[PDB]
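Everything on this sheet refers to the single structure shown next.
Laboratory data are not the source of any read-out in this text; all were calculated from the coordinates shown. Neighbour counts run over all protein chains shown; Cβ positions are idealised from the backbone, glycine included.
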């Protein structure tokens with residue numbers, strides 16, 4: 001079965017671009033990463049940083065996750081991210097998203113050995 005670590009890279013890493021240069025980015029990436037296969041995932045964040053820089057966050061600022069868990073980590077630095085939010089015209093299977101390019105700190109949950117990101121918690 002897909003590992004939690006592999007799922008994180010599939011749902012949230014986009015190292016091949018510096019930013020979302022098109023307002024269509026979310027519509028394309030949500031579909032291409034199979035986040036719209038069974039239903040329209042309502043929100044998703046893509047990180048435009050090297051995998052190594054994102055994995056490194058697991059050894060940065062320990063913080064409580066939104067749900068109270070204590071295996072969350074906040075990036076010391078802001079990162080290039082793209083927020084994807086479902087629009088009012090979204091209708092499975094034609095999922096539609098609003099694309100928002102931003103520069104923010106990311107908060108991820110980490111697990112395992114090697115200790116890596118398995119969940120995207122928030123951007124602050």
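Structural remarks
- Residue order, fewest to most beta carbons within 10 Å, for 118, 47: 118, 47
- Label point 7 Å beyond Cα of residue 21 along Cβ direction - residues of region 77-112 with amide nitrogen under 14 Å: none
- Per-residue Cβ neighbour rank within 10 angstrom, fewest leading, 39, 33: 39, 33
- Its relative contact order, with pairs defined as Cα atoms under 8 Å and 6+ residues apart, puts the chain at 28 percent.
- Where only DSSP H runs of four or more residues are counted, the chain gives -4500 deg cm²/dmol as its mean residue ellipticity at 222 nm, each run worth -39500 (n - 2.57).
- Sorted ascending by nearby beta carbons within 10 Å, beginning with the fewest, 111, 2, 86 become 2, 111, 86.
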